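Undergrad: Counting from 700, one number per residue, gives the positions in the sequence shown under PDB author numbering.
For each residue, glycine too, the CB sits at the ideal point set by N, CA and C.
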Amino acid sequence: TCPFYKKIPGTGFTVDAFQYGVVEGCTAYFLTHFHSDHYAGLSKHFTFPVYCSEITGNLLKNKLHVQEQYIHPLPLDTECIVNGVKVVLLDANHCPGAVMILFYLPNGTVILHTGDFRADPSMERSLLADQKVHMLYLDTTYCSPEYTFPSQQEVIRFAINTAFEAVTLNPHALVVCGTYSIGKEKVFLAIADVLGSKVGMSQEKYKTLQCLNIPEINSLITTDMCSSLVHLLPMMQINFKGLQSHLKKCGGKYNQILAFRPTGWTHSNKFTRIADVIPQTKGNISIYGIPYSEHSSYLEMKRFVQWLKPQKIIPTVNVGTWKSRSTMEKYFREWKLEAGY
Ligand code: NI
């Protein structure tokens, strides 16, 4: 049964609620982004109206085969009317196609659902600036002060510099990047751009990237692995056994692998700076864990909320334990007392 924190009161709407069968009273189903924990349940047999971004709509049609007549894509930053309720989709700074959703209830209440997001000061100048928000449904993934990580830009600087140095020392090294979902495309695209290579990948993954409206993509990716020196593999194969095996398959073209695992947070963050990150090495294989996040750090989250000043916060992540819930509620109170709302 659908939990309360996926329901929008005073509407017929749910958010990211496709795994519960027919939700009683739901007249439209919103989907914030194409990640499996959120889309779980959608297929070609779905016959209710789904409302989402253009990019999420492309993925629904091509990857899950949802029928076109049930896909309702909306433009960003534009006031739209859905079943008699004004809504606006905003960029969530998460994966491609990811949105937050502003709902303007018929009684005057205004709700923001963040979906999954990485808060940024740029959001303080969207259509959020223009009215008060009463209730916030918040991505609380890293809602604890131990979660610090660098900017995306510092992480890509590290990755480009490391790859360029390694391949310039050894023109026979191959770079491998792990993936298991959309998101974090800048990692492998930035490395390929510095090396003057296209990214090589499976046909399934190529199909997925072709749905993303990324400019000049035919220029950056390919299914011809033999022509590429940056290869994308499943995240599960990013280990010494999986990489040894892949290196065999390249037929003696390469004699070394440098690999990247973009994680979110890992406790090496508490102590070590990005500049100081070192790989795990075995023989001619090195594996770098890099803290590339698509969710808010604790500080980014706190800045957003203290700027928005919502009357009520509803967490959407870490809600399954009493200790987690109590911890987040204590931070929300601190923030409110410090800022004065
Ligand atoms: Ni997500």
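Alpha carbon to alpha carbon, what distance is there between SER926 and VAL898?
TA: Counting from one through the sequence shown, the residue named residue 898 turns up at place 199. Counting from one through the sequence shown, the residue named residue 926 turns up at place 227. One C-alpha to the other measures close to 9 Å.
Undergrad: Along the chain, where does the beta strand (DSSP E) containing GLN955 start, and where does it finish?
TA: The residue labelled residue 955 in the question sits at position 256 within the sequence shown. Counting along the chain, the beta strand (DSSP E) containing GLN955 begins and ends at 955-962.
Undergrad: Applying the 10 Å Cβ sphere with the 16-neighbour rule, what's the burial state of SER752?
TA: Locating residue 752 in the sequence shown gives position 53, counting from the first residue. Buried is the call here.
Undergrad: Check for me: the alpha helix (DSSP H) holding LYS981 runs from which residue to which?
TA: In the sequence shown, residue 981 corresponds to position 282, counting from 1. No alpha helix (DSSP H) contains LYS981, which is instead part of the beta strand (DSSP E) from 979-981.
Undergrad: Closest by CA to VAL809, which one among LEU1036, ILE1012, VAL1016?
TA: Within the sequence shown, numbered from 1, the residue matching residue 809 stands at position 110. Measuring from the Cα of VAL809, the nearest candidate turns out to be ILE1012.
Undergrad: Please report the Cβ distance between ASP815 and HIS930, rounded to the nearest whole angstrom; I am assuming they are in contact, meaning their Cβ atoms lie under 8 Å.
TA: If you number the sequence shown from 1, residue 815 lands on position 116. If you number the sequence shown from 1, residue 930 lands on position 231. That belief does not hold up - the Cβ atoms of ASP815 and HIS930 are roughly 27 Å apart, past 8 Å.
Undergrad: Between which two residues does the beta strand (DSSP E) carrying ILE754 extend?
TA: Start at 1 with the first residue of the sequence shown, and residue 754 comes out as number 55. Per DSSP, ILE754 belongs to no beta strand (DSSP E); it is in the alpha helix (DSSP H), 753-762.
Undergrad: In chain order, what residues of the same chain have a beta carbon less than 6 Å from the beta carbon of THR840, not counting five sequence neighbours either side?
TA: Walking along the sequence shown from the start, residue 840 turns up at place 141. The beta carbon of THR840 is closer than 6 Å to those of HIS994, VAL1016 in its chain, skipping five residues each way along the sequence.
Undergrad: Under the assumption that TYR719 contacts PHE745 (Cβ atoms under 8 Å), give the Cβ distance between them as a whole number of angstroms.
TA: Looking up residue 719 in the sequence shown gives position 20. Looking up residue 745 in the sequence shown gives position 46. In fact, because the Cβ distance is near 13 Å, the residues do not count as touching under 8 Å.
Undergrad: Pick out the complete beta strand (DSSP E) segments inside the segment 727-802, 3 residues or longer, and give them in chain order.
TA: 727-729, 749-751, 770-772, 779-781, 784-790
Undergrad: Output the distance between the C-alpha atoms of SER821 and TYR997, rounded to the nearest integer angstrom.
TA: Against the sequence shown, residue 821 aligns to sequence position 122. Against the sequence shown, residue 997 aligns to sequence position 298. So the two alpha carbons sit approximately 17 Å from each other.
Undergrad: Between the beta-carbon of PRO795 and the beta-carbon of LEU911, is there less than 8 Å?
TA: The residue you call residue 795 lines up with position 96 of the sequence shown. The residue you call residue 911 lines up with position 212 of the sequence shown. The answer is yes: Cβ separation under 8 Å.
Undergrad: Hey, would you say the C-beta of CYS725 is under 7 Å away from at least one heavy atom of ligand 1?
TA: The count along the sequence shown starts at 1 and reaches residue 725 at position 26. No, the Cβ of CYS725 stays beyond 7 Å of every heavy atom of ligand 1.
Undergrad: Quick one, are the C-beta atoms of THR813 and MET834 less than 8 Å apart?
TA: Taking the sequence shown and counting its residues from 1, the one referred to as residue 813 is at position 114. Taking the sequence shown and counting its residues from 1, the one referred to as residue 834 is at position 135. It is not a contact, given that the beta carbons lie outside the stated cut-off.
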